[PDB]
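Visitor: sequence first, structure after; it's an experimental one.
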Amino acid sequence: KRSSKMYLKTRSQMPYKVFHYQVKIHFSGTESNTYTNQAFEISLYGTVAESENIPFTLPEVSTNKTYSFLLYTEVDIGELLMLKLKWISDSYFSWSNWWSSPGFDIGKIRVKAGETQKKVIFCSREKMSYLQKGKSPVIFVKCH
Amino acid sequence: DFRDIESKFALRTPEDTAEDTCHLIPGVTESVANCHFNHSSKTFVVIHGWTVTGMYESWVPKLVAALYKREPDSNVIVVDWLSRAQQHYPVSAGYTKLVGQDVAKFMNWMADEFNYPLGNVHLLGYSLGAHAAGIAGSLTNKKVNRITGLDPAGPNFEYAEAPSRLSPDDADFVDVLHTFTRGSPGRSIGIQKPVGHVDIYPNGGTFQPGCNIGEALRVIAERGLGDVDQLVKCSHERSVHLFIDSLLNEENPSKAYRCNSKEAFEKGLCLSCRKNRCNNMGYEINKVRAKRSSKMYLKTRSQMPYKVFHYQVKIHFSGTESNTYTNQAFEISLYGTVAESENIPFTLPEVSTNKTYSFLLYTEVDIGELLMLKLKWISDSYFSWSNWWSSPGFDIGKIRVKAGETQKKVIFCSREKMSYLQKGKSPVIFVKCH
Amino acid sequence: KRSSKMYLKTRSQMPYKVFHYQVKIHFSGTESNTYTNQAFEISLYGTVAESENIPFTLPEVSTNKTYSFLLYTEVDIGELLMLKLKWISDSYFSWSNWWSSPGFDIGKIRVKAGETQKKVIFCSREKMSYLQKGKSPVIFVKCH
């Protein structure tokens, strides 16, 4: 009935044909000091191939609040089993490796497959999450 | 009362063993006429199991092709776990009840409209499918002849009861292939508690040979990323491969043996079957009822033919020197009238004197009868250091090997004086005697 | 004054000259079901090079008890910053990825450098340890 805009992404030149796996996060932690302009790095493994070090950005991070973003990969993955949620920093060295750095807690994750509508519910482990800056990622699995 | 099916029943044919062409919708009799269904012949029902992907596993086509090869002019039905099994694994455990109710309704509708004899249907069950069939049939009014499953699932089924898991009363006859049981009780994928009238525990269920370590690393290798995922699934598909191999090779079925425990079978004191024991395995299994759970054991080759023999042995060790030794490796070889093995080893600790021992041996080649034997005793001092000075030795008298498939108490027989078995020495020959 | 036995390890053939970094663990958890004949995999990173996937064995694992073992590496590392404490299993697939598998808690670690006597006190993070079977390792750092 009217103009219908559209959007997508693509690879560099040869095959194009990228996927879309937008994500939601139910951030819920204790410390309520809001932060902004922070870089989130995640990775995913599936049943055909796997990406390793794909980054993304999400400012205005808060608590007791849900966020979302768009992610793209350039390799077929089919289904997806586990996830990585590393949080990067510019203080790699052991200066910021002991003293209390800001951290949050992760509950569930609601990634949604693009080509096929799959509300797969990712699922933090019993207690082993406590996402923190300059720390190892937090694993997740299929659940529910 | 046929609108909550949500599980389409397919019907393949020998010319098409890959893609589902028909859809036998319950209640709607039109499908039966649409797709030929010989109401006189036997009809199997394959129930696959959980799949991370959204398609049938790679074994269904081979299974169905072999099924047609074995029993032509017989209908085959496949189910559509898909759309429900893709969900979380516990969700599939819950949905087993729904699928069982659905299958029971299907069979009841068939027995009402067409009164097809229930004594001519198999509920071939794999993975979760075995438990699905087991919970099924029980709701059926006229019971089911055979419910032969494959590798019944362990989780959420141990510490359960008949209504919630496969039970011997779920059908007239039942048999399972416990192809994997390694791990703690109640947490190993493969249920270890015996379920059917007769159960089969190839290799003891610890693992299977036709595979390797598998996953080299979490990221470098392919855990479930295809490739080495099948290798990781070393045994879970070995059940179906064994079943299809037995189905194809109807002439010479493998003879699994009945015993008391895996260790007892390894020792080899529980092979003779004068009574109704040591029944066949596979399609040609002999239908039998037991007063209780009846465990069984056997061995197998790597992947293709399987169908190995069993030639357990006894030794009447009797020597002079009385210094006991332990954890020693015995190597033997045998020659027959069809073929011969060369360098098959085995182990026997706690060796002593004036005492008789026994063990279990297996070979993977047909031999028929057996003429002579080798009894070499190996060492880790090959070089001429331990080639002269007196090394421990024993004396050998008679040998009482017993053929498995055919009960033959052939009495092997040492020569007049030419035995004196010794470490790091040539074997001792033996012959038929007495 | 008498016979004095000695011991060591070595590489395969060419350089030999391996190190020795024996370790102690102060296992302290809640669930008291003892386990035996389990395989522990650890890895370490330093200031010169790093090993990746060195395994070792430790049966008779219990709770509220301290254990120790001997580890060897075949590459110079100098100092050591962080540690890996993965616990391996023979149920890689997602069968044993959700339902509660046995797990323990890790406090401090008391590795001791061989060539130079250094009672470096490794140190679990605030709460992010909960070592569990078939799970990502637990990171550790220099501390105290």
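Guide: Structure received. Residues are numbered from 1 along each chain as shown, chains lettered A, B, ... in the order given.

Visitor: where does the residue nearest the centre of chain A fall, helix, sheet strand or coil?
Guide: Nearest to the geometric centre of chain A sits residue A:42, at 4.7 Å (CA atoms, centre = their mean). Using DSSP: H, G, I helix; E, B strand; the rest coil, the structure places residue A:42 in strand.

Visitor: now residue A:82
Guide: Going by three-state DSSP: residue A:82 is strand.

Visitor: pretty sure it sits against residue A:138.
Guide: No. Between residue A:82 and residue A:138 there is no contact under CB atoms under 8 Å: 10.5 Å. From N, CA and C alone the C-beta is placed, and that goes for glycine too.

Visitor: about what we covered before: contact partners for the residue nearest to the centre of chain A?
Guide: A:23, A:54-56, A:71, A:83-86, A:137 (CB atoms under 8 Å, 6 or more residues apart in numbering or on different chains).

Visitor: again, only using 10 Å
Guide: A:23, A:25, A:51, A:53-56, A:69, A:71, A:83-87, A:109, A:111, A:137-138, A:140 (CB atoms under 10 Å, 6 or more residues apart in numbering or on different chains).

Visitor: that one bridge partners, please.
Guide: Here residue A:42 sits in beta bridges with residue A:54, as judged by DSSP bridges.

Visitor: now it: how far from chain C?
Guide: 15 Å (CB to the nearest CB, to the nearest Å).

Visitor: on that earlier part again, just the contacts of residue A:42: which are in helices?
Guide: The members of the contacts of residue A:42 all map outside helices under DSSP state H.

Visitor: just the buried ones out of those residues, please.
Guide: Those of these that meet the buried threshold are A:23, A:25, A:51, A:71, A:83-87, A:109, A:111, A:137-138, A:140, by 16 or more other CB atoms under 10 Å in any protein chain shown.

Visitor: before we move on, the earlier item: and the residue nearest to the centre of chain A, how far from residue B:220?
Guide: Distance, residue A:42 to residue B:220, by CB to CB, to the nearest Å: 20 Å.

Visitor: quick one on the thing from earlier: what do residue A:82 and residue A:138 both touch?
Guide: Between them, residue A:82 and residue A:138 share the contacting residues residue C:136, judged by CB under 10 Å, 6+ apart.

Visitor: on that earlier part again, the buried ones among the contacts of residue A:42 in strands, which ones?
Guide: A:23, A:25, A:83-84, A:109 (DSSP state E).

Visitor: mind listing what the closest residue to residue A:128 other than its chain neighbours touches?
Guide: Once flanking residues are discounted, residue A:128 sits nearest to residue C:130: 4.6 Å by CB to CB, 6 or more residues apart in numbering or on different chains. Applying CB under 10 Å, 6+ apart to residue C:130 gives the contacts A:125-130, C:29, C:103-106, C:124, C:138.

Visitor: what helix or strand is residue C:130 on?
Guide: For residue C:130, there is no enclosing helix or strand under DSSP states H and E.

Visitor: pretty sure residue A:76 contacts residue A:11?
Guide: No. The criterion here is CB atoms under 10 Å, and residue A:76 misses it with residue A:11 at 11.9 Å.

Visitor: return every residue with contacts to both of these two.
Guide: Counting by CB under 10 Å, 6+ apart, the residues touching both residue A:76 and residue A:11 are A:17-18.

Visitor: what is the neighbour count of the residue nearest to residue A:76 when sequence neighbours are not counted?
Guide: Among residues not flanking residue A:76 along the chain, residue A:48 sits closest, at 5.3 Å (CB to CB, 6+ apart). For residue A:48, the neighbour count with other CB atoms under 10 Å in any protein chain shown is 16.

Visitor: what of residue A:131?
Guide: 22.

Visitor: SS state for the residue nearest to residue A:25 when sequence neighbours are not counted?
Guide: Nearest residue to residue A:25, sequence neighbours excluded (CB to CB, 6+ apart): residue A:67, at 5.0 Å. Secondary structure, three-state DSSP: residue A:67 is strand.

Visitor: who are the contact partners of residue A:67?
Guide: So residue A:67 contacts A:23-27, A:40, A:58-61 (CB under 10 Å, 6+ apart).

Visitor: give the buried subset of these as a PyMOL selection command.
Guide: Applied in PyMOL, the following selects the buried portion of the contacts of residue A:67 according to 16+ other CB under 10 Å:
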select buried, chain A and resi 23+25+27+40+58+61
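
Visitor: max pairwise distance over the contacts of residue A:67: which two?
Guide: The span of the contacts of residue A:67, defined through CB to CB, is set by A:26 and A:59 at 17.9 Å.

Visitor: I'd assumed residue A:134 was in contact with residue A:88.
Guide: Yes. With contact defined as CB under 10 Å, residue A:88 reaches residue A:134; the gap is 7.9 Å.

Visitor: the more surrounded of those two?
Guide: In this view residue A:88 and residue A:134 are compared by other CB under 10 Å, and residue A:134 has more residues nearby, 19 against 12.

Visitor: grab the nearest non-local neighbour of the more buried one.
Guide: residue A:89 (4.2 Å).

Visitor: how many neighbours does the one you found have?
Guide: 14.

Visitor: assign it to helix, strand or coil.
Guide: Residue A:89 ends up coil, using three-state DSSP.

Visitor: how about it, what does it touch?
Guide: A:38-39, A:96, A:101, A:132-135.

Visitor: among the contacts of residue C:130, which are in helices?
Guide: Per DSSP H, the subset of these in helices is empty.

Visitor: got the contact list for residue A:84?
Guide: Residue A:84 neighbours (CB under 10 Å, 6+ apart): A:41-45, A:51-54, A:136-140, C:136.

Visitor: ok, now residue A:100?
Guide: A:31, A:132, C:126.

Visitor: only whichever of those are buried, select them in ChimeraX.
Guide: Command for ChimeraX that selects the buried part of the contacts of residue A:100, burial taken from 16+ other CB under 10 Å:
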select /A:132
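
Visitor: what is the nearest of the contacts of residue A:100 to chain B?
Guide: residue A:132 (22.0 Å; CB to the nearest CB).

Visitor: spatially nearest residue to the closest one, not counting backbone neighbours?
Guide: Residue A:132 sits nearest to residue A:103 (CB to CB, 6+ apart), 3.5 Å away.

Visitor: isn't the one you found up against residue A:63?
Guide: No. Proximity of residue A:103 to residue A:63 does not meet the contact threshold set by CB under 10 Å, at 11.2 Å.

Visitor: number of residues surrounding the closest residue in space to residue A:29 that isn't next to it in sequence?
Guide: Leaving aside its chain neighbours, residue A:29 sits nearest to residue A:104 (3.9 Å; criterion: CB to CB, 6+ apart). Applying other CB under 10 Å, we find 21 residues neighbouring residue A:104.
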